[PDB]
Each structure stands twice: as C-alpha cells, then as structure tokens.
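Structure, as structure tokens:
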Amino acid sequence: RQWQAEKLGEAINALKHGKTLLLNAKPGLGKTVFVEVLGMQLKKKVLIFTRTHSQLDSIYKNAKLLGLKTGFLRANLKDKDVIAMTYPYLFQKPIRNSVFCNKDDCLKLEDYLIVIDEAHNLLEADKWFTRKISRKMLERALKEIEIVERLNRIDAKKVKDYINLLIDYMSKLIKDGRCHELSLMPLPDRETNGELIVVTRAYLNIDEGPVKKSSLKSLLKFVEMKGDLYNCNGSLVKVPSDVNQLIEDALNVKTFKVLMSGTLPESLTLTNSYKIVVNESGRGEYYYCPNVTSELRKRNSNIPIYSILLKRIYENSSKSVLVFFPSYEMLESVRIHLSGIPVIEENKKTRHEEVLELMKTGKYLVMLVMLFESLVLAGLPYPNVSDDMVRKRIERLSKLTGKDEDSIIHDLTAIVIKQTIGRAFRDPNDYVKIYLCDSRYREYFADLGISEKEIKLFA
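In terms of the UniProt record's numbering, the sequence shown is residues 9 to 81, 139 to 346, 348 to 436, 452 to 540.
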C-alpha cells in the first residue's frame, strides 16, 4: 500500500488512453484492493473473472470491507459495485452471450472495468475448449441409443455400428502417461451422421431435465468440432487451435480491461497492452541443492538422494516442513523411503483443515504436489515436453510471442515455482526457509530476486 497510491495514476492513464493493463503483484500485495480503487476512480462498476469459486469468496470479503455492494455468479447484480464470476462467463462464447446479451435485462460488459484475475491461467486456456471421447462415454451412448430404440422405436443400426467401430479403434490406442497427436480418426459417413443427429435429438427429448447431459450429444459435438486431435491415455481429445484469437475475441469490448496476477508471465501477450510491475515484493533464507535433480530421465536414480536430503531437513528443523514435488508419482516414490518420519499428504484421506490442526500439535513432513519453518521444492516443475498437447502449447506461445521455446518453457516453469513459493509466505514479516532442491534452480535465481551471494549450498 505504498505501491497502491504511487502506481494509480499510471494505471488510470494507461486505461484512459485505451491500453489493456497488465498488472504484476505478488500474492499479499493486495491486487484486488487496487483494482477496486481503480474501478471507483474510473466511474465503472467492477467485474472480476476468476478461476475458482474459492477466489470468488476472497473478492466478496474485500469489497464488503470497502463498503462496496458485491455479488457472485441479473436483477440482483445490476445495482452492485463489484461483480465476481468464473472464466467461462467471459471466455465461453455461448455462456457469455447468455449472461451479456443485447436485450434489456442483460448485463452489458461495456458498463464494467473488466478484471481477469490470476491471468497466468490464460497460458493454458487451450484446455478450456477441449472435448474428450472415452470408451465409457461411448458405452454410455449405446445405452442412450437402446433407450430410444426401445421407446421411440427407430433403427439406429448405422450409429451403433459406427460407435462399435470407434470403440475397437480406441482399444488399440497406446495407453501411457500422456497425449499423443493423431492425424485422423474414423468418423461417421453421411448417413450415419444423419442418424446420429436424429437419435441424439430424440434422446434429448427423452431427458426430462432442462439442462441435461447426453453422451450421444457429446459424441456429436466432438465429431463436428474443429481441433487438433490427440490420444490422451486411450481417450480421444480434440483441442481447438485458435485459442489466441478466442482470448482476444472475448476481450474485444469497448471498455477498460485489466489482467492481473502475482506471477504475470512474460509469455502472456495481449494486443495494445501496457504492463505495470509492482516490485514492492520478504526475507527468504534460500538454500540450493546442486547435486540432485528431478529431471525426468534421471528422476528414478535421484530418489535416494531426495529421501536422504528430506530426512536431513526434517530432523534439523524444529517445526513442520512443507515439501513440494512436480508430480504425485514422484511424491509417492520418495514417501516409501521416509519410514520413521511422520508424513501428511493432502487428498490422501486428509482435508486441509486437518493438516493445520496436526501442524500446531507436532512436527510433520507435509508432502504436496506442484505453522512451518521451511518449504522444500523437491525438484523443478518443468513442463512435460514429451506430451504432445503440452508441446503444442509451447509452440503456440512461441509463435504468438516471437520468443524461443526454451524461453517459453522457462516462463511456464517460473510461474509454478513462484506460485508455490507464494503459497508459503504472503506476509512481509515471514522468515521462511526455502530449499531449492534441483540443480536446475540456478537458471531461476534471477527470476526469484535472489543473489547468488545469499544462496546457501545443501548436500
């Protein structure tokens, strides 16, 4: 709140002059309160789009204590000072058009300062528009056909045969950890497509719920959709390839727009943008483990080193220790070698509420995936580049930004490092011990705002 007042005129003038504002402010800086002051100064109501319903609560608890009338998600919202919604409400054309229509009783986007919170999530926005076909969905579709054949009583022989042909095709797909790009798949011929439309529409007139699920309909949508096609663990997945356009179209509104994050990534690119970086960001004691790595091809061979380091960190601490792994697979592979050390996992039986209660009453090694003395990054959250969908994302961002793919990978990794460290300390007065336990963390020292003089060595 030194930065709140000093950066306001810059932000106002950026927005008055037609720029889309990009705002970087580490967690705890109070991004939400600034954009809240921002709205009041521009004479617009505020409309914040966020990822999760949890963040929607945070917005409500802050607007209220500014004396602002607030709402979450149209006669109720119309008179509110601040409205909060989830991303689909802006970014899914059909959902956006139902809420922000042209008619009288519609909210108009032009009446708001629009905020995209946690805007780093836009890097993975290709996931939002993906569609999937699974074996189970196709078997489910075959029941829906049987129902229509046994009720409406018609012949959907061509559709059933196509589905069974698709089932056989999918049974031959290699089922490993990841997505594999595909050049094509068997699709319905013209007659079969005709029947599919018909049997789908009849089943839907059988669903006596208004907004109602159907696997035939999901099959139809998938078939009609344009996208890059993948085998992802034996399911077929289609990803539209125009996500960059989709993002700009959703933001194509004649009003003030802000995108913000505590890890605003270099690879987040918007037309006619202006970035403000709040550098006010507390007192981290940093260690570096130069002789260990979670690098995929070497990970197995490093498991014993991780297990020994973690036990050495647990014993020499007095409070509980947070440990973050790049994957659950890795977490578990290390966990089985920590016998004799008390261990807490999250979703494994335990709710966050329970974690904290145990922490106050004892010293635990808390193991998580990407109070307490120290936080350990047990490996680097490097993207799975052998996954073709992740790879396509990296290519897409490289092309948009004109940055090389190594620099995109770097950005994607740095986001996750920073968001993980940000979960730890959101109060300047925190004296958190950070263990950067992967040799590759040396490429990220500068991103973390830590000098190589300050860094201790741990082995």
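Note that the Cβ used here is the ideal one computed from N, Cα and C, for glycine as well.
Length of the line joining the Cα atoms of residue i and residue j
i           : j      : result
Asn357      : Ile369 : 12 angstroms
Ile496      : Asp508 : 19 angstroms
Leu55       : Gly406 : 51 angstroms
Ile210      : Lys303 : 24 angstroms
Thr257      : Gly274 : 27 angstroms
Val343      : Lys51  : 24 angstroms
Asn32       : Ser326 : 5 angstroms
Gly530      : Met250 : 48 angstroms
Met396      : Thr359 : 12 angstroms
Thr334      : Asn270 : 44 angstroms
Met235      : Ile228 : 10 angstroms
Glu18       : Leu203 : 55 angstroms
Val263      : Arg215 : 15 angstroms
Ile374      : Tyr522 : 19 angstroms
residue 347 : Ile232 : Gap in the chain between 346 and 348; residue 347 lies inside it and carries no coordinates.
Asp492      : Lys222 : 51 angstroms
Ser279      : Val224 : 15 angstroms
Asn162      : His185 : 24 angstroms
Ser332      : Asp272 : 44 angstroms
Proximity to residue i [Cα-Cα], best of the options
i      : options                        : result
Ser300 : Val342, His245, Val323         : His245
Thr28  : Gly292, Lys286, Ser383, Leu316 : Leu316
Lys429 : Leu461, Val409, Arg417         : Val409
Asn337 : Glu260, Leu404, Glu345, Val318 : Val318
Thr40  : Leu23, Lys69, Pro462, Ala22    : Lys69
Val308 : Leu376, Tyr353, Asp468, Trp193 : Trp193
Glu535 : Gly350, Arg521, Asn413         : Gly350
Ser386 : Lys514, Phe321, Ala140         : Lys514
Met470 : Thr494, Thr195, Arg218, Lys291 : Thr195
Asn21  : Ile341, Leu404, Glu412         : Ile341
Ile498 : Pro464, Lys158, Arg474, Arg9   : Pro464
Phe287 : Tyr372, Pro253, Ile198         : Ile198
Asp254 : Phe506, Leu74, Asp226          : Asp226
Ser467 : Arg243, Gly47, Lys237, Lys77   : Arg243
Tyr380 : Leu456, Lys426, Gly47          : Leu456
Continuous beta strand (DSSP E) stretch holding residue i: start and end
i      : result
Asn296 : 293-297
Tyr516 : 514-518
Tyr352 : 351-354
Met470 : Unbroken run through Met470 is the alpha helix (DSSP H), 469-482; no beta strand (DSSP E).
Supposed contact pair residue j and residue i - C-beta distance, whole angstroms, cut 8 angstroms
i      : j      : result
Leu434 : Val400 : Not really, about 12 angstroms apart at Cβ, beyond 8 angstroms.
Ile67  : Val45  : Actually they are not in contact, since the Cβ atoms of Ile67 and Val45 sit about 14 angstroms apart, beyond 8 angstroms.
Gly460 : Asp519 : 5 angstroms
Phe80  : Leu155 : That pair is no contact at about 15 angstroms.
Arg139 : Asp170 : 6 angstroms
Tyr516 : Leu452 : With a Cβ gap of about 16 angstroms, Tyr516 and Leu452 do not count as contacting.
Extent of the continuous alpha helix (DSSP H) run through residue i
i      : result
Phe42  : 39-50
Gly406 : No alpha helix (DSSP H) holds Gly406; DSSP gives it neither H nor E.
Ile496 : 486-505
Contact test: residue i Cβ vs the ligand MN heavy atom, cutoff 7 angstroms
i      : result
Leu316 : No copy of the ligand MN appears in this structure; indeed no ligand is present at all.
Subject >> Every unbroken beta strand (DSSP E) inside the region 147-234 [3 residues or more] >> reply: You should have 147-151, 177-181, 196-198.
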